[PDB]
Structures are given as structure tokens and as C-alpha cells.
Amino acid sequence: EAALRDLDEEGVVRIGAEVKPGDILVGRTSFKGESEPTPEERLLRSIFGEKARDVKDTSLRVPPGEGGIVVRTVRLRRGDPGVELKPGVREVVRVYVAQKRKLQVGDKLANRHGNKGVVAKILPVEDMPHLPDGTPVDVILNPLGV
Amino acid sequence: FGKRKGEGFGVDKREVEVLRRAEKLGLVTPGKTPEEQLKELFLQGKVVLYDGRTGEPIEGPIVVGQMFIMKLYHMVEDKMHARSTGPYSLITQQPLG
Amino acid sequence: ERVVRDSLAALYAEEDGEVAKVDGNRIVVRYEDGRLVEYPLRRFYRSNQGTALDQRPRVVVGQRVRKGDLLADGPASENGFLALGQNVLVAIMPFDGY
Amino acid sequence: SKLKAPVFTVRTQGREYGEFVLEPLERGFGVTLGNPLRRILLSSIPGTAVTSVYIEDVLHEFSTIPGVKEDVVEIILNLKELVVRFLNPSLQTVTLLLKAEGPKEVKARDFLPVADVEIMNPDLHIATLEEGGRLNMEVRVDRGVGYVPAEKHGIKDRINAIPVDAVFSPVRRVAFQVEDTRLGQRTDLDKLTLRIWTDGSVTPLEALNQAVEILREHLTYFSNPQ
Amino acid sequence: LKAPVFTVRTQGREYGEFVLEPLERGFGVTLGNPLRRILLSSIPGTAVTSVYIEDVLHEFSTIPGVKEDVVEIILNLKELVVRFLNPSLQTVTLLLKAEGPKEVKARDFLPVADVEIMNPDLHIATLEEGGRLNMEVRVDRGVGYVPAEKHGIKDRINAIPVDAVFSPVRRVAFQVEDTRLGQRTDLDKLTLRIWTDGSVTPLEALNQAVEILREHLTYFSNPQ
Amino acid sequence: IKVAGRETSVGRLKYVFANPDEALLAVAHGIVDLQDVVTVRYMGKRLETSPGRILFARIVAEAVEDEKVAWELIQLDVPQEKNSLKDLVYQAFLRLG
Amino acid sequence: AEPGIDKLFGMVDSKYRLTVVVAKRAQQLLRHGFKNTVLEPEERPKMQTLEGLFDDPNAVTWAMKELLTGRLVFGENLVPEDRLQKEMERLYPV
Amino acid sequence: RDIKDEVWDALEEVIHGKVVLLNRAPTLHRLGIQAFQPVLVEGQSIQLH
Ligand SMILES: Nc1ccn([C@@H]2O[C@H](COP(=O)(O)OP(=O)(O)OP(=O)(O)O)C[C@H]2O)c(=O)n1
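Residues numbered from 1 in each chain as written, not as in the entry; some residues may be left out. Chains lettered and ligands numbered in written order. Part of a larger assembly, values for the part shown. Heavy atoms only, no water.

This entry, as listed in the PDB, derives from X-ray crystallography and reports a resolution of 3.00 Å.

As named in the PDB entry, chain H is DNA-directed RNA polymerase subunit beta', taken from Thermus thermophilus. As recorded in the PDB, the entry bears the title "Thermus thermophilus RNA polymerase initially transcribing complex with 3'dCTP".

By the naming in the PDB entry, chain F goes by DNA-directed RNA polymerase subunit beta' and is assigned to Thermus thermophilus.

Quick look at the structure:
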């Protein structure tokens, strides 16, 4: 239930949630093939009093290094009005996910003169060069670039 | 600066050590008031700068100013990737790309 | 300014008039022609490259607007000038390797 | 011979600004004292700032409320400013409250009052509402230190509660002059003048004491060697 | 926020390494940067401050029957190290005469009361037979560094003033590297190294430095 | 300036240190700059260089932990630039590993 | 650099014969639990875990330090392969 | 979410002593690839010497 706490009854994440790598965005089930349990596996379940289940977790999770705040979901079925999809598809679900992106070490900066570089370090304001009236500079661009 | 010399603060001791140096460089005219000379550096785009790790000045006058600088579409978030093992290719059995 | 104009991303006033309502979602303007045109705001649209194409409003109720004035800022637009980045206080010096 | 304890002047202006002089100190102690205090004055001085927000009928930061011109992005960004001073010391966390409507330009004051809390910047603009525009917030401000960003503290009181970035530290700026001086006999001594600017939650002077206190506390760590 | 553990490693009387970790972000510099200043400014030691030699007018001359020049002798003399054992003491003259085929050392300085020559084998000059050396050296308690041409102290016409190497600290050097404690990873680690002349000791040198700093903290007491 | 025969400089007379620590303690206290040529006594021979040129040599000498060898490798009487430094690394490599 | 590498290159006739000796010895130790090591408990490579110091797992760090001691023999055609691979599983079991 | 802090102390243990290989864009010579002991870091970017 932990792994499901953010899904509506249909299997869609709730608009306005926080999703991170591993998280299911949409539960989906699919039927098992001619590998319906082999001996090794039928027996292992024979021990656990839970007999072979016939559907599978094919859900749509989030890929490594992505994630954000579910902003929206579109659900297109067929059997509903307006809609008809490529042959053999019952329903398609799209879920748009937002991220606020602060600047970070690795991002690339540039100015209109061809000066470009990758943020390599973020000092705390106390280390920044500053002028006598106490104000600290924002950016330190090395002169060897010019 | 004028804002300063009226708020109860004159020139600063590290601004003179810098000016000593700026003069050897040749940025400022020898024998001229601190304000006269800071003026001369300012006109050059240059100002006195203190390393915040020490309070000591930068041995020189620096170019500080206001610059238009954009964030490009190329962010580490879109580009950090690594794999122990994963999908493979039908005929070659070598990992996808 | 032109660039924001032709970029057809910022939002402007079709004829002289006055601002009826204003809102994170729409802007309705009473015109000298008695028409009540209601421009709605493309708020937080996803672009081909993922970069939020967001429209924000730049007038308040009652604001008396001549023709061709601004009503909402596109993305990368700040009162109608192309804002591709940020103005920062820049210092030009070696900094210890970084 | 050795110079002796110098004369501590103090020139507080309002609740925000201060000039703090020390005269005379041996040459080479202007900075010896003026920098490390400024470093502590920027990092380590506790303070307050908003930490989370429930807006009614809102579920995530990127939303939009009707009849309000500002988007939540800008409202969370107007609430970052809000500086809020605790009176009782052992208070760690408040929960301000708000609700306005009609054609009112909600400002920082329109927040309900609470005892042991003063809105040191009441004129701070929040949001613009028009005929029909509602609003019902529940801000949550917190004492704490430094800079702690939303992606880090995740504070949500309700469920649909947007974490916010906190500039805890109350120190808007810190400069310090060092000027030439003399105690009659000797030349090249230093007149340390320390500026401090502030929001009000703590004060230019209470900052300076708290700064020194930490500095003093740190030297204690050299007590016990191995 | 644990108690920052403090570690010492001394070779002898002239060198020690003092490491203090972990520390909140920025502090390894906010600390022993000032120490740096202080430990070079304000650690009271002693220093040869003037020298008179019997037939010697000015600094830039050669003594006859002597191998060294005048400056050479003044340089060796800049390197003498002496401790004042009586807290009251604050000045001293040192007298030394000898001649013939000898080479003088800091031992050969006529002894004095509560005045300890640390580095006695320190060579001063060599004499060839027929070579005379008869000289008086003034020595004061003081701090920091004072060029000769800027204290000028002269006890008699023809005594030369010498640059004043007070500080028993010879160099300070500190290195603040990044370090991590479990989850929190921005912490400063403050290694600090302190060279002394043996007069005072690195560890001693530090504690004084620390003391001087707290004391100035209290100079934020009685406003006006 | 030519002074009583040999050519020397004002600063090689005012300031004369018997060891390198002292010259750098002078630099510590505002007395001289690193780029000022002075007189200092390092490993016997009484030398005319700057304190900076002296600090450099200590940099090498402390890093390879062989003060004698490090003294032969550097060429001191000259500013370090791409070539001299390249030459130092090759020379270090051959004789120290 | 690798602690004491210049002397390692001195033992071998060609840098690549060091690499093979190292990597071989490195694995003699990985399968055997190090029990055949020719180090004493103070020479033991140690890593520092959060709890406290512990034997270095990296069998190559070991192999290289081991090589410096001189307590190893290197060369071609010194043993039958299978007389080693059990005399050692005898003297130090898996 | 499930990754607990002592995973990282566990990794630190893992890579002790061993090196990784770095390659940059055109391997023109033998040195578009060199080996390095890796020290872990937060943030995405690689740190080159
Ligand atoms: N088609 C390309 C384009 C780039 N590169 C790689 O990127 C390098 C190009 O960067 P430049 O700025 O053009 O070369 P630099 O040598 O870095 O120029 P500078 O001296 O001004 O730093 C060359 C090459 O390593 C490449 O291999 N193939």
C-alpha cells in the first residue's frame, strides 16, 4: 500500500503529488504467457499458500534521474465519446510531470559574446569576493577566457 | 563613493595598499587623493575587491560589472546516466544505446 | 521588443479601451467599440523541448490601455523585452581553480 | 608597550541598521576581527522565514487561483520575502492565517495577528484580487539557521502543502571599514567599524553579539588536544 | 553537531600540526585564518635589535682579521634565539670579546641573569690570528617584525640598528579541506602547521594566539 | 643604479635577510612585496632575488622533499612560464621519479 | 601515484610483467581469504569505515605492498600449476 | 525513497582502492582514457583533475 498511496482507484497518480525514481505513475496489468509458472515457481508458491497469479505488474514507473510534481493527466479510452485510437488499443493515459529547476553544479551558462562555461562551484556568500560597501559579486568569470 | 565620505567613513586602509599597487602598475596618477585615484580606477571599469575568506584586498583592482548571462538547455540532470547491466540488442546481444 | 512582438508569444491590445477584469487565467478588456474581448492565458504549456511556455498578465483592473500596449508577458519576456537570462554582478578574476 | 582594551562605540539606527566601532586596536587586527565576524554574520545567525503553504483548492506549486492575477509561483515568491519576528524565545514555529476577497490587494498586514509575532514589513505586497477573487492561506514560518531549500525540508502541514525555500538568516548585509588611527605615541593602529543591516527579526546589535558568542564558543574547541 | 575533536602532532620544540574536524561550512577559514594573522603579529618573543663592534663605523664594511663581513655577522645575529626567564625582564645587552684563531658561537656570549641562549652552537664569526672581535648586542622583548630603519634604537654613536625579528613564529600555514560526517557533507577540516624558533613552542604559540583572540572578543562590552 | 662599482639596487641594500622565513615574514608585514628584488641568504650563498623567487624554490623543495636536488633543478633567476615549468617536470621526472 | 611504484618497475624486466604478477597474487589472496599473506598485522593495508579501521578489501593494494617486502618470488616455469593450486588450498583452505 | 543512508557508507566501502576509467570525446591517443581513484560527491557532474 505504500507503493500505491498516491494512485487513484483507477491507477492514475493523483494530480499534485511528488513522484521520484521507482514510483508508479500508472498501474497496468498484462497476462502471463506460456511461461505460466514452471515447476521451480509453482512449487515455491505451493509453500506460501498463495497460488500462481495470472496477471503481471507492467505499470509505468519513472525512469532513473527524473521526477517531479504530477501536474495533469489525460485519459483517452475508447467506448468514451470523441475518441478512437489506433487498432487494438483500448485506452491510453498521459501524465505530465513538472519540476522546478534551480541552477546546479554542471549546468551550462553563457552570455551573448560567445563566453560559455559550466557552473563548477557554488560558494556561500561569505566566500564570494565583495566590494567595500559589503555587496558580494554574483559570478566570477576567469579572465583567461577573453 | 560620495555616499560614503559623508556617512561617517573616509578611505580604507586596504584600499590604500591596493592603490600603492595600482600605481606601480600604472593605473593611477601618482600623488593624487584616494578619491581622485579610485575615481581613475572606476573609469577603467575597475574597483577594489576583498576576498571574503580573509578580508584582505585583492592585490589588484578588478573589473566588476553587470553582465547578461543565460542558462542553456544543457543541464546535468538531462545528461547524467550510468548502467551496470540492462537491455540488449536482438541480433548482436550487445547493450542498447 | 520587436522580437517579443513577432515571436507572437507576448499578448497585446487590439484597440483602445479599458481593462475589465484580470486574473492568472484570463484578461478581459472593454473596448471603445463596446466589445468585451476576453483573451485567455496560455498558462504553463509544455513546449517541444519541455520548457514551460507560460503567459503572465501585466495590467490591472481599470488600467486605461491605448492600442498596441502590452497585456501579458510571454516566456522570456519582461514587460515586453526579450529576457533570455538574468543580469548579474560579475567579477572577472581567477578563483583558485574553479 | 602593549596597547590596552579599546573604546567600544555603538550607533544603532532604527531596528535595521547599525555601525559598531572599535578604537584603538593594534595594526593588523582590523581584519583579524572584522572578517571572521562578517563570515559568521552571514552564515550562522538564526532567523525566520516561511517554510510551507496550504492554499485552499490548490494541490501543487504550478497552479493558478481565479480572480488573483498572481500565480502560486509568484505568491510563494512574495511570501519568501516576509520577515516575521518571534517574541517569546522558546517559540519554534507559528502558523499564520489569511483570507481576503473582493477587489483587495492583500498585503503582508492582512494576515491575522498572533501574539508573540510581529510582521516587520506590513506593506509587503502579496496578491491582487478582483471582484470574485477569494483566498485562504495557511503559511508556516519557522526559526532556523542558514539557507534550507524546499527540495530539502519538505515541510507540509496539510497534504496539498507546497514546501518553500527558507532564507532563515536575518542578515541582509555586512560591511566593515578599517581606518588609520593613533594613541598619541604610536602610529598605524586600526579603527574597526562594523556595519550591519537587518530585517528586524533580530537586530544589528543582537546579531553582533550572537556572532561574537559563536566565535568565542569555537575557540573553546582547542581546549583538549590529542 | 558533535564536539569537534582536536589532534596534535609535534616533532619537537619547533614544529607541530594541529587538526580540528569536523567544522560547519566555511569555518575552517573563519577560524585559523585570524590565527594566521595573530600567530605572526602578536606572539611575544625577543630579538637582537642593535649591535656595536669595536672598530666598526657603518654596516657595510669589512672587519680586518675577520672572514665574515659586517652584514654576515648581523645576519647570524638575526638568527640568535634567547628566552627571557624572568617575566619582568624587558631588555638586555650582550657582551662578547675574543680574538686569535677562533670562531665564536652563541655559547661564547658572556652569560646573564635569567637570560638563556637556546641555540648555543650557532656560529657568529670566525677570526684569523690578529683578528679582534669585541661587540655589544642589544636584545628586547617585543612582538612581530620591525625593520631596522624604523625603530632606530641607538645606545651610542656607531652602534648599528638591525631588523627586529621578534616573532618566535617562523611560519604559519593552514589548509582547510572538505570533509563529511555521515549524511552532512560540507564540513571544513582545519589542518594548521606552526614553526617556532624553540623560544616558544608551536602548541604554546597557538594557545597564546587563541587567548589573544577571545580577549579581543570581550572588547565588545561597554558601549557609548 | 650603479653604486660604488657594481650595479645593484636600493632594495638589495635596505633589506638583507639571513634566511628565507625572515624575508617572508617581511612580506607578511607589509615590509616588501614578493616582486621586490632584495638580498637573502639561502643555503650559504648570499643571493640577490625576490622573496617570490625564494618562495617558489621552497615550493619545489618541500614538494620533492629534497632541498639539495630541488635547488639544482629550478632556474631561479627568471620568471616561471610554460617552458621553464615544463623543463622542471621533465628534470624532476628523470632525477626523482 | 601508486605508493612506491618506481621501485616496482625496478624489479621487473618489463612493466607488464609486474602487472601480471600483481594481478595473479591479488587473486591468490581473494579466493584464499588472505591467509597465505606474507604480511604482519601492522603492515596490513587498512581502510577506515565509519565504525573504525579494518583490513583493506582491495586485494591489489595488498598484492603491491606484498611485492615490496621481497617476500614473494616471480618468474617463469617454477612449479607445476596443479601442485601449487592445491598445496595452497591445503596450507590455506577456502 | 527506499535508499537509506547506510547504503552510501556501504558503497564507500565497496570502491575502496579500485579505479575507474575516464574517456573524453575523441580518443586521439591512449590518453583519451586514463584511470582514477573515484571519490564520491553529491551533484551530477564528474570532477576532472
Ligand atoms: N567535431 C568536433 C568538435 C569538437 N570536438 C572536440 O572538441 C574540441 C573543440 O573545442 P575548441 O574550443 O574548438 O578547441 P580548444 O582547443 O578548446 O580552443 P581554445 O584553445 O580556445 O581553448 C575539439 C575536439 O576535442 C571534436 O572532437 N570534434
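Student: For the overall build of chain F, give the residues involved together with the corresponding values.
Tutor: Assigned secondary structure in chain F consists of five helices and three strands. In sequence order, the secondary structure elements of chain F are arranged as α-β-α-β-β-α-α-α. C-alpha extents for chain F along the principal axes are approximately 45 × 30 × 25 Å. Split into buried and exposed, the 97 residues of chain F put 42% on the buried side. (Helix = DSSP H or I, 4+ residues; strand = E, 2+ residues; numbered from the N terminus. Buried < 20%, exposed > 50% of the residue type's maximum accessible area, 1.4 Å probe, protein only.)

Student: So what's going on with the arrangement of the chains? Residues and values would help.
Tutor: Among the 18 pairs of chains in contact, the pair with the most contacts is chains D and E. Contact between chain A and chain F is absent, and the minimum C-alpha spacing across the pair is 15 Å. At their nearest point, the C-alpha atoms of chain B and chain G are still 20 Å apart, with no contact between the two. (Contact = heavy atoms within 4.5 Å.)

Student: An account of the pattern of salt bridges is needed here, citing residue identities and associated values.
Tutor: Going through the model one piece at a time under the given rule, you end up with 87 salt bridges over all chains. Close ionic contact of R134(D) with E101(D) constitutes a salt bridge, the shortest N to O distance being 3.4 Å. Here the residue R134(D) occupies a position in the loop between β5 (117-119) and β6 (137-144), and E101(D) occupies one in the loop between β4 (84-86) and β5, the gap between them amounting to 33 residues. With a shortest N-O distance of 3.8 Å, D123(D) and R109(D) are connected by a salt bridge. Within this pair, whereas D123(D) is found in the loop between β5 and β6, its partner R109(D) is found in the loop between β4 and β5, the two being separated by 14 residues in sequence. Residue classification places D123(D) among the exposed positions, given a relative accessible area of 56%. Counted as one network, the salt bridges with shared partners bring together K13(B), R27(D), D180(D), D188(D) and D190(D). (Salt bridge = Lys/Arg side-chain N within 4 Å of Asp/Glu carboxyl O.)

Student: Can you tell me about the side chain of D190(D), naming the residues and giving the values?
Tutor: Assignment of secondary structure puts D190(D) in strand β12 (residues 189-198). What makes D190(D) buried here is its relative accessible area of 3%. Separated by 3.4 Å, the side chain of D190(D) and the backbone nitrogen of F29(D) make a polar contact. Those residues in contact with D190(D), other than ones at most four positions away along the chain, are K13(B), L22(D), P24(D), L25(D), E26(D), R27(D), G28(D), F29(D), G30(D), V178(D), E179(D) and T181(D). (Polar contact = N/O pair within 3.5 Å; in protein donor to acceptor, adjacent residues only side chain to side chain.)

Student: Requested: an account of the sheet that holds strand β5 (residues 91-99) of chain E, with residues and values cited.
Tutor: Judged by pairing direction, the sheet is antiparallel, and its four strands sit side by side in the order β5-β9-β3-β11 (chain E) without closing on themselves. Of all the strands in the sheet, the pair left with one neighbour each is β5 and β11 (160-161) of chain E. (Pairing = 2+ DSSP bridges.)

Student: Lay out a nonpolar patch on the surface in plain terms, naming residues and giving numbers.
Tutor: Residue and element names in this part refer to chain H. Together, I3, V7, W8, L11, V14 and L40 line one region of the surface with nonpolar side chains, adding up to about 530 Å² of accessible area. Relative to the elements of secondary structure, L11 occurs in helix α1 (residues 6-14). The exposure class assigned to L11 is partly exposed, which follows from its relative accessible area of 31%. (Patch = residues over 30% accessible without salt bridge, like charges linked within 9 Å, V, L, I, M, F, W, Y side chains within 5 Å. Areas by Shrake-Rupley, 256 points an atom, 1.4 Å probe, with all protein chains shown as cover.)

Student: A description of the sheet that holds strand β1 (residues 11-12) of chain C should follow, citing residues and the corresponding values.
Tutor: Residue and element names in this part refer to chain C. The strand order across the open sheet formed by three strands is β1-β7-β5, and the pairing between neighbours is antiparallel. If you trace the sheet from one side to the other, it starts and ends with β1 and β5 (56-57), each paired once. Where β5 meets strand β7 (residues 70-73), two bridges bridge the pair, whose relative direction is antiparallel. Along β7, the bridge assignment pairs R56 with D73.

Student: Could you give me a rundown of the nonpolar core, with the residues and numbers involved?
Tutor: With 80 residues, the main nonpolar core has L208(D), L206(E) and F17(F) as its most contacted residues. Once residues lying within four places of it in the same chain are set aside, the contact partners of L206(E) are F222(D), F6(E), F18(E), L35(E), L39(E), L192(E) and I194(E). Counting residues in hydrophobic clusters, the runner-up holds 32 residues, among them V50(D), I55(D), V72(D) and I126(D). (Core = buried A, V, L, I, M, F, W, Y, C linked by side-chain atoms within 4.5 Å.)

Student: If you had to explain the pairing of strand β3 (residues 45-53) of chain E to someone new, which residues and values would you point to?
Tutor: Residues and elements named next belong to chain E. Where burial is concerned, most of β3 is hidden: nine out of the nine residues are buried. Where β3 lies against strand β9 (residues 132-142), eight bridges are found, and the strand directions are antiparallel. Opposite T46, over in β9, you have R141 as the bridge partner.

Student: Describe in detail helix α3 (residues 51-64) of chain F, supporting the description with residues and values.
Tutor: Residue and element names in this part refer to chain F. Given a rise of 1.5 Å per residue, 14 residues ought to cover 20 Å, and the 20 Å separating the end C-alpha atoms of α3 matches this to within 8%. Between the side-chain oxygen of the N-cap and the backbone nitrogen of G52 there are 3.3 Å, and the N-cap of α3 in question is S50. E65 lies just past α3 and shows a positive phi near 55 degrees. (Expected span 1.5 Å × (residues − 1).)

Student: Give me the lowdown on the interface of chain D and chain E, citing residues and values where you can.
Tutor: How big an interface is tends to be stated in terms of accessible area lost as the parts join. Listed per partner, the contact involves 32 residues of chain D and 30 residues of chain E. Interface of chain D and chain E: buried area, both sides summed, is about 3000 Å²; carbon and sulfur atoms make up 75% of it. On inspection of chain D and its partner chain E, the count reaches zero salt bridges. At the junction of chain D with chain E, the criterion picks out five residue pairs in polar contact. Among the secondary structure elements, those contributing two or more residues to the side of chain D that touches chain E are β1 (7-10), β2 (17-26), α1 (30-43) and α4 (204-219) of chain D. With eight residues, the top contributor of residues to the side of chain D that touches chain E is α1(D). A breakdown of the residues in the side of chain D that touches chain E according to their chemical character gives 20 nonpolar, nine polar and three charged. (Buried area = accessible area lost by both parts, 1.4 Å probe. Nonpolar A, V, L, I, M, F, W, Y, C, P; charged D, E, K, R; others polar.)

Student: Tell me what's going on with the environment of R25(G), and back it up with residues and numbers.
Tutor: All names here are of chain G. Mapped onto the fold, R25 is located in helix α2 (residues 15-32). Sequence separation between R25 and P45 is 20 residues; the distance between their C-alpha atoms is 15 Å. Setting aside residues no more than four positions away along its own chain, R25 makes contact with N36, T37, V38, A63, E66 and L72.

Student: Describe the pairing of strand β2 (residues 38-41) of chain F, naming the residues involved and giving the relevant values.
Tutor: Residues and elements named next belong to chain F. Residues of β2 alternate between two faces, with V38 and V40 on one and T39 and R41 on the opposite face, all of them buried. Where strand β1 (residues 16-17) lies against β2, two bridges are found, and the strand directions are parallel. Pairing of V16 across the sheet is with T39, part of β2. Read as a crossover between parallel neighbours, the route from β1 over helix α2 (residues 20-28) to β2 is right-handed. The turn joining β2 and strand β3 (residues 46-49), which pair antiparallel and follow one another in sequence, is formed by four residues; a positive phi near 50 degrees is taken by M43. (Right-handed = clockwise from strand over helix to strand, strands pointing away.)

Student: So what's going on with the packing of aromatic side chains? Which residues, and what values?
Tutor: Counted under the stated rule, the structure contains six aromatic pairs over all chains. Seen in terms of ring centroids, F8(D) and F220(E) are 5.3 Å apart; in terms of plane orientation they differ by 90 degrees. Their pairing is edge-to-face. Of this pair, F8(D) sits in strand β1 while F220(E) sits in the segment after α4 (202-217), which puts the two residues in different chains. What makes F220(E) buried here is its relative accessible area of 10%. Stacked on the ring of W197(D), the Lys or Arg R173(D) has its end atom at 5.1 Å from the ring centre. If you follow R171(E) out to its NZ or CZ, it ends over the ring of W195(E), 4.1 Å from the centre. (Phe/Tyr/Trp six-rings, centres within 6.5 Å; stacked < 30°, edge-to-face > 60°. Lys NZ or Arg CZ within 6 Å of the ring centre and 35° of its normal.)

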